[PDB]
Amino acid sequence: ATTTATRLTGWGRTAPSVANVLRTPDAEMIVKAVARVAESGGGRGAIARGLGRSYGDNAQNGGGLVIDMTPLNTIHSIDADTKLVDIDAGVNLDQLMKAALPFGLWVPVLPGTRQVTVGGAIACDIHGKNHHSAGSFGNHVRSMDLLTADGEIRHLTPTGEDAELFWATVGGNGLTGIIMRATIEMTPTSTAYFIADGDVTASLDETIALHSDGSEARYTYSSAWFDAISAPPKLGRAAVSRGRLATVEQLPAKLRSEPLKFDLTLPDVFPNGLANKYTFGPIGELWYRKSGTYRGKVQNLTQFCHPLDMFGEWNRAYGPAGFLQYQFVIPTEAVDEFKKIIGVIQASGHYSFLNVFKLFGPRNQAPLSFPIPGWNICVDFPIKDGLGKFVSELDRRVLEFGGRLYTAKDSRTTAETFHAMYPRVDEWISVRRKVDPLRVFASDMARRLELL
């Protein structure tokens, strides 16, 4: 065990605050610190911290305690018959994925990076490429052990007594207490590969049409890269990547002897950089269209889920240092309003190169869960004069159109905007006050967003 004064930021490397960081692989030492925060006064409290991949301020607590959960990383059991994994909250999804593949089990929700803790995944109720077919992370938790303000460990499940606290903890940003341990139901798989279809659209209207033609129901996974810089009609054109997990019959013979195995970058070889005389004219368009259009292509995890790994030190000049990540969802029916927000973005003078578009499916019952059925987009803006004031206008537009921002990608929204975006906030706050009357759990985010 060590306790250290530490300057913490989120992944965006902004809004720094100093906290006493506790780092111990001893679960009883964690209980004792919480018990101490609870007994001695009220104070500025405590917040859990995972791998620090949230862009915002939800895993810091200026002048209070931060409990680093990463050394609690025991996988206790995996069972192929029940499909259940029992894991400490500090286990990460990369570690879990590799540990579970030999059992023919797949992590049911994967984010854009595997460097996230199980606790972080639950507390942000993370989503991925299969949201429309599988929901978000919290949908797959069968039990969790929550260390609450009174220093007891409550065993929470999604149904029966304490369901309310379970669903307040899902997406609760650590503010109901410290998840120590959890059971996740995994997805059975016979391979570590995807079968994928690719389509490339010419415009925004084409991108939308493809996502509302009914074809989404044929694919368990689906996401798109999105042009946010070009003027219409090119604005909102997309490289759409859709697929499902392959079965072993669908693999080529060379891969069929290790169906479950998990298997030198572009800036090193074919760089610097990628452009030629063709790239920005009609041949480049044709090439782009033809290489992004395919059917029944076998891909590994890296190809299908982390296609940004191909580019190397190039993903350093697109974040995170002088960059502001911004993610929002607009309800399905507000299609015209979605197109309107995209127009506002391209004409703003703020140029976002990397844009992830996805159509979300049904929501779950967590009051603070980000995803709702509708048009989800993530953008990444260079930090520049006027950006802060422009994203405030974006906030207003998102709110007006019935949508919301993601707390994992936010450090600059107001309490007022957030509360209007999350109309079940009062219901959630009221659960939080029942389980933490003394405000033992607190973070910079809780104070900024008035969730304390």
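Numbers follow the displayed sequence, beginning with 1.
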- request: Going by the record, give me the number of deposited-sequence residues missing between residue 263 and residue 264 as none, 1 to 3, 4 to 9, or 10 or more.
  value: 4 to 9
- request: Mind pulling up the entry and telling me whether 53 to 61 or 32 to 40 has the higher mean Cα temperature factor?
  value: 32 to 40
field: Higher-B stretch (mean Cα B-factor, as the entry records it), 169 to 177 or 225 to 233
entry: 225 to 233
message: Looking at the C-alpha B-factor values in the deposited entry, which of 379, 153, 342, 101 comes out highest?
response: 153
message: Checking the record values for 310, 107, 123, 87, which has the greatest CA B factor?
response: 310
message: For the chain shown, is the CA B-factor of residue 294 in the lowest, middle or highest third of its modelled residues?
response: middle
message: Using only modelled residues of the chain, where does the Cα B factor of residue 163 rank: lowest third, middle third or highest third?
response: middle
- line: Temperature factor at the Cα of residue 410, chain-ranked in thirds, falls in the highest
query: Within this chain, which third does the Cα B-factor at residue 194 fall in: lowest, middle or highest?
result: middle
- prompt: Looking at the C-alpha B-factor of residue 398, is it in the lowest, middle or highest third of its chain?
  reply: lowest
